[PDB]
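Consider the single chain below, provided in structure tokens and representing the form solved without adenosine-5'-diphosphate.
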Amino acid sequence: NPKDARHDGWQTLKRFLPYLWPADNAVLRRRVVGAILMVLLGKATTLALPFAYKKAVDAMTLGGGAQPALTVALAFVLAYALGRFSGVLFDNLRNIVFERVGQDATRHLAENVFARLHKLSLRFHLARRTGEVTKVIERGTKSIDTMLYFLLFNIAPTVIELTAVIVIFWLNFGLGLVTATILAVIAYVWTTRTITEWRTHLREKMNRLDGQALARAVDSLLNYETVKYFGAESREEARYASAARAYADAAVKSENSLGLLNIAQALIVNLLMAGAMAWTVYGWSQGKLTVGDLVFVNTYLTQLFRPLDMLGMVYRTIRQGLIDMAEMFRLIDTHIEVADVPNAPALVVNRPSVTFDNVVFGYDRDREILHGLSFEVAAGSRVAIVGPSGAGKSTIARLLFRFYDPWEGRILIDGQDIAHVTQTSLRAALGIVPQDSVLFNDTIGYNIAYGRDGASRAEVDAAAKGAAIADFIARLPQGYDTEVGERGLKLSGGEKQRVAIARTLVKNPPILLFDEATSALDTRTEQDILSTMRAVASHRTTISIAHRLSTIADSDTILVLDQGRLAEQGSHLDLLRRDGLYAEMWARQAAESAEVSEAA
């Protein structure tokens, strides 16, 4: 098992490797091979071209053997130029061929994570800001992309070139030259890395200061009115200036450190250049080496170290990318709380009854909320679930949609345990109008059609009619194509709730849940929407979970929960007669509204 290993960068890359080498595409595998061949050709070319340069010099200094020297030197000089162009060509061709491979690999990693995030449990509560999340994901995407690019097209070719240069130097020079360049690379890498760590820290500080300065400016600009009201212009200006100065100081330190790293690198490289060139000319003095050799060695070294100029950045980036990618994999690795059983059958709703059978549940194991809740909702009946603050009624919908499983007990629809069926068929049987309904960032027509996968214009028109939102949409300039949500037209609470009702209407489920559906509405809006809800509950099993009893007073039967159990059951009149928990609650709510009516 690959996961049975140390949690380092090597493990992350090993995990990513199947995406690059899919074994499902074969089109991409060919692209990978071709890209690797462009790498090899590009390297062969850049290694070859200095020899062409060396020989051109040799022909000019030892015209004795290669004549007409002019002809020989011309041929080699042209070979060198053509070689240079060829190296660039091979390199860009490998980039181009690979880019599809990279984009595909990362797209699939993203897709896998997205699917997994949809499979994970609600308790992670993905209720956060769009901007924060988007900035984070943007940042991570740029990071993983940069890491992948530097890895494949900078580090890898450089290892190829470094080994090649080592072999060639070995056969043809020194070999003290080999040890010298190897020690030089080792010093260069070690220096770059240790300096880069410090630099990354300064970078983080600088970035934090920048954010602080920017936030002060933005808080001021968005609150221009308040700054005017209190004549606070100078105060705001000063307040920005101090932060701006802190940032500038940090930035100065950060860029200064860049200069130190550059100087260190150039010092190492140039010591090696001096040593190698001196050694080469000295070797020439003894008739051991040609003068082309000087040119050869110099060129080979500059070609070697040119990709390593960036190494600090490359390092910082590769590291961050690896971290970010490990995070991807961690999510993919996190286990799924609610899963279908193996070979789970579909739920088959012939008669849409709902049973709670001795249900024990809580969100967390240290706080049990339902303590053995049992009840039967008859097929086609309209029932309400009410209770005081500790009843556990807010769990019901989430249990029914199997966002969570009971600790003990079970829930049945039409005699089938909902834990043992496919989640999709189960959810297919259920409609919900929640308290706060959320709209996608898209058109109102899209938001209504969302109830069913292939929803037609006719179906949407029908639902919007049944939701009595059809006219409101007709009066919109752009109609069903009116964009809604944030960054879109703002809808009133009743309008949004109507879109939600319409949505479930498009769904057309046998069982429907009103989950505090009117609880966030004003009184008149509530009274308006209740008649619509009454209509849409027509021939379905309807469970209405409500705070305000008067809104559910017309139910076929009412389930009264107290302390995570069924305390009271019956019609509104039966419950008023029993003079128990429901009656008390009723009385209290009546009193409240009277008091509210008093204040005029």
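One-based numbering along the sequence shown.
Quick note: we don't show the form deposited with adenosine-5'-diphosphate bound, though the next part is all about it.
Only one of the listed residues (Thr226, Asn350, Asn270, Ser492) places a non-hydrogen atom within 4.5 angstroms of adenosine-5'-diphosphate in the deposited complex, and that residue is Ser492. Screening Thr523, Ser389, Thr194, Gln478 for any heavy atom within 4.5 Å of adenosine-5'-diphosphate in the deposited complex leaves a single hit, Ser389. Contact between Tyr363 and adenosine-5'-diphosphate in the deposited complex is found at the 4.5 Å heavy atom cutoff. Within 4.5 Å of some heavy atom of adenosine-5'-diphosphate in the deposited complex lies at least one heavy atom of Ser394. Among heavy atoms of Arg367, some come within 4.5 Å of adenosine-5'-diphosphate in the deposited complex.
Using a 4.5 Å cutoff between non-hydrogen atoms, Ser121 does not count as a contact of adenosine-5'-diphosphate in the deposited complex. Here the chain stands alone, but in the deposited complex its contact with adenosine-5'-diphosphate, taken as any heavy atom within 4.5 Å, falls in 484 to 492 among 227 to 235, 76 to 84, 484 to 492, 451 to 459. For the three residues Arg382, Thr551 and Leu573, a heavy atom within 4.5 Å of adenosine-5'-diphosphate turns up in the deposited complex in no case.
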